[PDB]
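One chain follows as structure tokens, the form deposited in one PDB entry.
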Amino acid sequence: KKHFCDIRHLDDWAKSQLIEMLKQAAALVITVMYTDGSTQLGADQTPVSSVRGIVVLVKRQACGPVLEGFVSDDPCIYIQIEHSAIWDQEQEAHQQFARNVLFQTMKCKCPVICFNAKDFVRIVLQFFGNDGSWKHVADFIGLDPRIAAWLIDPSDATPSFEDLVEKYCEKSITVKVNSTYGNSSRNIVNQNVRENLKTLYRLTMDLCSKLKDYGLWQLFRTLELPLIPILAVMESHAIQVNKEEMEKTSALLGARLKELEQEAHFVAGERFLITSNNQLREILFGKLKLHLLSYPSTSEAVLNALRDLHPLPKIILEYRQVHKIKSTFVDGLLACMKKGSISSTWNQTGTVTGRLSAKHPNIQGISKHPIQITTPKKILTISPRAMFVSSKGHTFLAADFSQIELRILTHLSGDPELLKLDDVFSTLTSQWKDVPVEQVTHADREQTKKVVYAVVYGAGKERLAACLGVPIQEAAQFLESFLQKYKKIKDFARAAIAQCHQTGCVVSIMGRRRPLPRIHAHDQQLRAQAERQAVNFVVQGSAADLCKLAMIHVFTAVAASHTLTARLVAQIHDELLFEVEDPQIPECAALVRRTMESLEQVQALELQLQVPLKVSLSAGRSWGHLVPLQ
């Protein structure tokens, strides 16, 4: 009542006093209110309602009394996001003060606690619009209890606010987050908002304490938190795509699939659903009985084993390829389009490895290598990544770590041969093809690197022999070859497993952890699975750590530069994709390289490697075609 104020209705002296209160506050506690009015504190991840406003709890304490007189203590202030029916001058004014207040929220020196901070920052950024850039939110730090709880239990599904309260809050704290207009009144909604913001503060503090207990605090602060505005910035931008080229390509791939469907129906001597794996399985081994010649799955390995036995596996393979490209990287990419561009949604809570994930579309899952088709009424090369074009004038600058996890593995194992080892998988592919590097095909590399991946993480002789098309004897032989050549990899794995048995958990370089209780399981498949998972997590988690660190450091570096406008557009694990203004390319590519390479040594945390990190830079007007640089 005196605890809730619309900042538009404040007298100007009270407005000034409010700005000063925000500057001198002990902590800010924030949630987004929708038109329901519901909050991020309620249970839905998707409101399916518009954003109305933002509520901020201003805490004076985390000494003496206080009388402001225009508000009580501690006050909740409300900031209208939603546009009114008519735009006019008073709306302009309201917007001016609102932007001032929200920016105060962004730059304030006290702790900011927001349940989902990325959403908040995105909303604020889009609210700034023209009077602000992405560099305004760059330094924003805010305490996201969901991220903390994720660091503690990465496996657990993304919990609601109430879940987090019952789990991490002691004790007997019951919240009502479910109030809306129409199931309740405004006063109920608001009272509950204030109470739940207090509770949110308490919860977040408790979770911070826990994070310190588990040794996750420094990781939380240095790595996860500064990443929050970076995701929001990426979600605030959009990558322009070819609506037109894409519709064409769609039509073409549709024609070709019609062809392939007809062919398959022909050669199987029946009309079966071309997209059905069940029916294909029944045909391939149901009738044809190919396994007996020399049931199994329809998977690419099996289908490649049978490629000479019958014309159907090859047909099916090509069909699956073309159908995937069209259905997913064309048609499904056309449905993600707004205004001739797309924007992915980023999830920091998505993985157990500490990796980022992306949705609608998944831009981390876009096929790297273009595919070839025979046009039905010349050869036709189709690259989905070629559909992603930079704005004009602007150009994409890509920067990736070369063989990041191999180098991580070198660091962790300390294998002398590796530590010795101008290329990597061209070397091994050359050694396997019994020829130099220069004539080695990219597909040979594609298979080989995947095979070293298989063997290092504990793959058996079976799956090994399968993926490279090897008889078991060459399987065990190749296993022993690689593991005896580099001894310290098995030692490292054996150590990681031992650690996971000891602690009941396994830990990455920067302290990110993967609890694996089934390491203690009696079931042997479960136990072995937990072991594989631990061994993989040390490396993949460490690399996730490093990639996030690079992301943050480059973002920060560009953030304070007066010249450089470079915007981080996408991240694909090992790779950072920037949209840079043309004349800024040389100066930007320089800053990017120097920054990412300096990652070899950063204090804190001790964070030192045994191997330099080679950064590969690329540039181009399209994501599909990027010419190497420098």
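Rigid core (definition): largest C-alpha set, two forms, superposition within 1.5 Å. Don't overthink the numbering: it's just position in the shown sequence, from 1.
Keep in mind the form deposited in another entry is missing from the figure; the text below concerns it.
Colleague: Any idea which of 213, 434, 92, 244 has its C-alpha shifted 2 Å or more between this form and the one not shown with the rigid core fixed?
Modeller: Just 434.
Colleague: Aligning on the core only, does the CA of residue 517 end up 2 angstroms or more away between this form and the one not shown?
Modeller: After core superposition, the C-alpha of residue 517 moves less than 2 Å between this form and the one not shown.
Colleague: Using a superposition on the rigid core, decide whether the Cα position of residue 445 changes by 2 angstroms or more between this form and the one not shown.
Modeller: Residue 445 C-alpha, core-superposed: shift of 2 Å or more.
Colleague: Against the rigid core, is the Cα displacement of residue 458 between this form and the one not shown at least 2 Å?
Modeller: It does shift by 2 Å or more.
Colleague: Having a change of 3 Å or more in the C-alpha distance between residue 428 and residue 416, I'd like to know whether it is closer or farther in that other deposited form than in the form here.
Modeller: Relative to the shown form, the pair is closer.
Colleague: Say whether the C-alpha atoms of residue 388 and residue 446 sit closer together or farther apart in that other deposited form than in the form shown here, given that their separation changes by 3 Å or more.
Modeller: They are farther apart; the C-alpha distance rises by 3 Å or more in that other deposited form.
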